[PDB]
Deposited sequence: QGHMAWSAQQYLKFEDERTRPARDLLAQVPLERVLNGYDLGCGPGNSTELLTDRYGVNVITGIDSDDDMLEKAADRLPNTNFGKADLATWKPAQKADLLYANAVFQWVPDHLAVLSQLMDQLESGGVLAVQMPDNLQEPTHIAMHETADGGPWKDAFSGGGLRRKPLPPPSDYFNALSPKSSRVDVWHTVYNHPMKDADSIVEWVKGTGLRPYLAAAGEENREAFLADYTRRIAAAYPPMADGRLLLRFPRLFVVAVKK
């Protein structure tokens, strides 16, 4: 079982519904989260939603008997009331996501579930070192988003529409071979717009400085491995 799917599984484990009839995997990507939902609930009762067509084609390939749709979550609403709105590692990219989440709950039937997970990594050395490399190099002109709200803001936003709200924060640990391994990992986690802004011809110098900073920030354990942290916030709400 993949360490990459651990947050999705931990989120789903907290969904209190024994059965789902109109469930959605929001920001489904290539169908890894969606397959977790279909495994639990059935292939015919989950619809994956995403804004990226290439994601939807991969998801549809992986799950040939499951429905998929293209939409922007900033405004999306289901055709009928949902009993499950599940969204693993998407809402960090949605502006004003708390308001979006509150509005989504109006799209749930009574007893329906909203379940959301978001990375909380902006203050981890991986992300701090991105700004440092950007601001400290000869490409710094190219560089001339928001923190996650505290748990209490999720209660304030969602409690008025919910019979139950549960919020928790977990810091997972992933041993990594070396600094190069962390840098490679983080290409899928936010390094990519930094490299884009720095420029193709600066790619090597940027990555070199960034790796040095990673090596400095993540000291080796006794076995030489580095310990990368993944802080993540989880919210589960049951609609009144």
query	finding
Gaps in the model (deposited sequence, numbered from 1)	1-14, 159-163
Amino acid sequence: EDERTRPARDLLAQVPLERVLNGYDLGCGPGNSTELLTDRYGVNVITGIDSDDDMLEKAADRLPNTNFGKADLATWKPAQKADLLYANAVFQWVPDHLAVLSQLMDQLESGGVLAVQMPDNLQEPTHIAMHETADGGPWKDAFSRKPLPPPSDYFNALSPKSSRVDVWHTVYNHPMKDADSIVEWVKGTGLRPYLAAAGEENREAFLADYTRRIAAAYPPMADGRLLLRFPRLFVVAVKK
From here on, numbers count along this sequence of modelled residues.
property	result
Residue stretch of maximal mean CA temperature factor, 189-197 vs 176-184	189-197
Greater mean Cα temperature factor according to the PDB record, 72-80 or 108-116	72-80
C-alpha B-factor winner, where the candidates are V167, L85, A142, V100	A142
Third assignment of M221 from its chain's C-alpha B-factors	lowest
Third of chain Cα B-factors occupied by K239	lowest
Modelled-residue ranking by C-alpha temperature factor, third containing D153	lowest
Ranked C-alpha temperature factor of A205 among modelled chain residues, by third	middle
CA B-factor placement of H131, once the chain's modelled residues are sorted into thirds	highest
